[PDB]
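We name chains A, B, ... by the order of the sequence lines, and we start the count at 1 in each one.
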Amino acid sequence: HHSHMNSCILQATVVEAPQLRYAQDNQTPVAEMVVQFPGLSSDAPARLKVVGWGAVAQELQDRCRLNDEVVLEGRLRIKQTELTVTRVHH
Amino acid sequence: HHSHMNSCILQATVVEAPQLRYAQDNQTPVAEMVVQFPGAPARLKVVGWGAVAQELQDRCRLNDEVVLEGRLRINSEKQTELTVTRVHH
Amino acid sequence: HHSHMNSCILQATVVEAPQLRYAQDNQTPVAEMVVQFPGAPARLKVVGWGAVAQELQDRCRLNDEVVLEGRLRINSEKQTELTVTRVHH
Amino acid sequence: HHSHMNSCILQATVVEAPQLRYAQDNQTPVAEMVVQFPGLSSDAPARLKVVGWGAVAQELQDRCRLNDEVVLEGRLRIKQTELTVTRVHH
């Protein structure tokens with residue numbers, strides 16, 4: 001559990017297909033992909049690295065394909081920025 | 001009234017107090033500051049426009065712990081920024 | 001541009017399809033529907049105004065599973081309602 | 001853990017002081033209070049029952065007092081409506 005509020009919910013398009021690997025413990029699945037979402041003005045769109053661990057990692061690899069529009073819920077992490085996903089709506 | 005969902009709400013600590021000026025139109029206030037939040041700690045640039053720019057300037061100070069609501073933005077190498085909608089101290 | 005933070009984002013299933021009409025001003029579209037989400041399951045009235053009212057009417061149908069972003073409202077005994085800002089199907 | 005997204009973050013005022021009790025297991029603290037927040041128009045303000053379990057329950061009772069303005073993060077639950085709090089910013 002985390003002590004601080006860090007709720008980031010984004011509607012985005014999958015632009016780099018999810019790749020899966022097992023973490024150091026050779027037991028926890030970890031999936032990473034890249035998504036793109038609109039700038040606040042038309043601002044170039046933004047691209048963000050998205051990472052999921054465990055069950056959500058398997059769901060990302062299983063469901064997310066290039067050009068799919070999804071909603072992601074996760075915590076912002078940061079120098080490289082990334083969204084550590086908790087849930088995804090396909 | 002933006003097209004896409006982009007809701008980022010974070011609890012963070014001000015590590016670089018707000019600085020305000022007026023933008024291009026030479027009428028709209030714009031405030032920028034930097035906050036830090038738990039992961040080492042992450043540092044994030046925060047920007048507010050209009051009425052909220054004035055609120056940030058009026059209330060946020062170094063070391064203040066606040067809640068920020070805004071939209072995530074990545075501008076161009078790449079620099080992440082939270083464009084603030086509302087702030088709670 | 002509301003004063004207070006009120007951000008409610010829920011994944012839910014449409015259990016009563018949207019119905020649309022025009023409001024008082026006799027110009028602004030307003031759509032109402034009912035969704036259900038996991039706790040027995042909870043049922044929640046959902047209302048949208050203007051452009052999003054039309055989006056709800058155009059895209060949401062019985063049994064659809066969607067994501068809704070809006071502000072929580074309790075009107076008067078008491079009835080809870082989510083006033084929609086955005087919807088994703 | 002919950003399968004569905006249910007992220008409700010509200011800025012509100014404490015209007016009924018937190019009351020603490022121990023759940024059925026006579027071990028898990030549970031605190032409940034009531035908060036009030038603005039209607040969407042000036043709509044009468046809304047009042048909502050707020051409930052916290054475990055560590056957050058102790059934090060609510062310890063910190064939240066009448067007229068305190070707080071930010072609550074939790075999941076909406078519903079016939080009586082209530083916000084099951086995960087985190088609070090005092």
Side-chain angles (χ1 to χ4, degrees), chain A residues 2 4-21 23 28-41 43-78 81-90, chain B residues 2-12 32 34-48 67-75 79-85, chain C residues 7 9 11 67 69 85-86 88, chain D residues 5 7 9:
Chain A
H2 295 286
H4 280 52
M5 290 181 189
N6 189 334
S7 177
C8 296
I9 302 180
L10 301 161
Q11 188 179 323
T13 303
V14 179
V15 299
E16 192 162 317
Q19 300 302 114
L20 237 172
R21 71 188 170 76
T28 302
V30 50
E32 93 172 54
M33 62 182 199
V34 178
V35 302
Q36 179 179 290
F37 50 100
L40 307 179
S41 163
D43 207 346
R47 288 196 165 203
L48 177 64
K49 177 180 176 180
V50 173
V51 184
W53 302 70
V56 79
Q58 305 178 319
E59 179 176 1
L60 291 177
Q61 161 273 144
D62 182 65
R63 305 289 301 283
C64 300
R65 289 297 173 271
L66 294 184
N67 209 47
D68 280 350
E69 173 107 274
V70 300
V71 174
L72 303 161
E73 177 192 10
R75 296 179 66 88
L76 186 66
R77 176 172 186 275
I78 298 184
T81 300
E82 79 185 27
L83 180 71
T84 305
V85 175
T86 304
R87 301 178 180 88
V88 51
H89 176 82
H90 310 277
Chain B
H2 282 272
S3 183
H4 292 46
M5 288 180 191
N6 187 331
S7 183
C8 299
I9 298 169
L10 303 164
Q11 264 181 304
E32 298 180 352
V34 179
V35 302
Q36 166 181 302
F37 57 98
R43 269 166 84 103
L44 171 69
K45 177 181 181 180
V46 172
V47 182
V67 178
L68 298 166
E69 172 189 14
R71 297 176 67 84
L72 188 64
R73 164 173 202 265
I74 296 175
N75 56 139
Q79 181 188 54
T80 303
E81 167 196 317
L82 177 69
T83 303
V84 183
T85 305
Chain C
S7 183
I9 298 169
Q11 264 181 304
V67 178
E69 172 189 14
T85 305
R86 300 181 183 78
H88 175 83
Chain D
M5 290 181 189
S7 177
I9 302 180

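Side chain to side chain, C:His88 and A:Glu69 fail the donor-acceptor criterion of an N or O pair below 3.5 Å.
Contact between A:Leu10 and B:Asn6 at its shortest, heavy atoms only, is CD2-OD1, 3.1 Å. Taking each heavy atom of B:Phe37 and A:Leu76 in turn, the nearest pair found is CE1-O, 3.4 Å. Between A:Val70 and A:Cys64, the shortest heavy-atom contact is CG1-SG, 4.3 Å. When all heavy atoms of A:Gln11 and B:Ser3 are compared, the pair lying nearest together is OE1-O, 4.4 Å.
Residues A:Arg75 and A:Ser7 fail the side-chain proximity criterion, which asks for heavy atoms closer than 4.5 Å. No side-chain heavy atom of C:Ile9 sits less than 4.5 Å from a side-chain heavy atom of A:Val71. Under the 4.5 Å side-chain criterion, counting only non-hydrogen atoms from C-beta, A:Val51 is in contact with A:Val30. In this structure, A:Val35 and A:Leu83 have side chains that are not in contact, with every pair of non-hydrogen atoms separated by 4.5 Å or more.
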Requested in this report: Go through the steps to decide whether B:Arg43 and B:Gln36 satisfy the test side chain to side chain donor-acceptor pair (under 3.5 Å), and finish with yes or no.
Outcome: CA-CA 4 Å; B:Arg43 269 166 84 103; B:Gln36 166 181 302; 4.9 Å; no

Query - A:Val56 and A:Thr86: CA distance, side-chain angles, deciding distance, side-chain contact (heavy atoms from CB on, under 4.5 Å) verdict - result: CA-CA 7 Å; A:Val56 79; A:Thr86 304; over 6 Å; no

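For C:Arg86 (side chain) and B:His2 (main-chain N/O), a donor-acceptor pair under 3.5 Å exists by modelled atom type.
Between atom CZ of residue A:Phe37 and atom CG of residue A:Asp43 there is a gap of 9.5 Å, rounded to the nearest 0.5 Å. Rounded to the nearest 0.5 angstrom, A:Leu48 CG and B:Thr80 OG1 are separated by 7.5 Å. A distance of 9.5 Å separates OG1 in B:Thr83 from NZ in B:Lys45, rounded to the nearest 0.5 Å. Between A:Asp68 atom CG and A:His90 atom NE2 the span is 9.0 Å, to the nearest 0.5 Å.
None of A:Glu32, A:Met33, A:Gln61 except one satisfies the side-chain contact (heavy atoms from CB on, under 4.5 Å) rule with A:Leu20; the exception is A:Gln61.
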